[PDB]
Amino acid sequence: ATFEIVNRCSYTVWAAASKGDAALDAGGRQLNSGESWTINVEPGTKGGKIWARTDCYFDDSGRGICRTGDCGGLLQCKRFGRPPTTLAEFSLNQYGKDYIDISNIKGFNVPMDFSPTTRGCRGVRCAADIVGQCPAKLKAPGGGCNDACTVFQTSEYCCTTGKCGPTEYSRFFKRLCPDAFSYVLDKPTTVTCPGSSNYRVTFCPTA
């Protein structure tokens, strides 16, 4: 499956793509404002994620740090990024269908649209100014808006026991972005697409 990753932000981002225990494609790349990077994701990929990283410095060996979303200091991510990270999430070719969503469970850094480029389903978007509106206690000084689990490490926010409810913090994310997951047990906003669809992830879609 191809994923066209487009940076419409006015700032550079470092895109990342992983399934947690491995890179997807090259795993990460710089995208200046306006740049597009197309990656290939193997059919059947389960639990894949694409995200943006901000304020990154890498040396000539591809090692450094990003102010949001850093993945073990690598340009080319193998593993998931450090919150806060707006997440484009997907599982492909699951009994004949693909499943896509956007999640704020790991916080928010950069606004995103995640849409099919092929027939048969609809896209999702979280493009509100979550960083600007972020509750004081959730603000990430590197930038971004942390989720409450990251900040407070409680069963209720992290849904560790499986019985959690919405919270004042989850409701903030849900108010600003109704079509993204706001906590683990949120009413799903996953979209079912045809198996083997292709996609575009656009950072700062309303830029």
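A residue's number is simply how far along the shown sequence it sits, counting from 1.
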Problem set entry | Mean C-alpha B-factor comparison - 74-82 and 87-95, higher one | 74-82
Seminar exercise, completed: Quick note on 42-50 and 61-69: per-entry mean CA temperature factor is higher in 61-69
Seminar exercise, completed: Comparing C-alpha B-factors across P166, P178, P141, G34 in this entry, the winner is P141
For this session: Tell me, please, which of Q30, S182, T160, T150 has the highest C-alpha B factor according to the deposited entry?
Result: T160
For this session: Name the third of the chain's ranked CA B-factors that contains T118, choosing lowest, middle or highest.
Result: highest
Problem set entry | Chain thirds of CA B-factor: placement of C56 | middle
Problem set entry | Record-listed C-alpha B factor of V191: chain third | middle
Exercise. Which third, lowest, middle or highest, does the CA B-factor of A15 fall in along this chain?
Worked result: lowest
Seminar exercise, completed: Quick tally, chain-level thirds of C-alpha B-factors: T2 sits in the middle
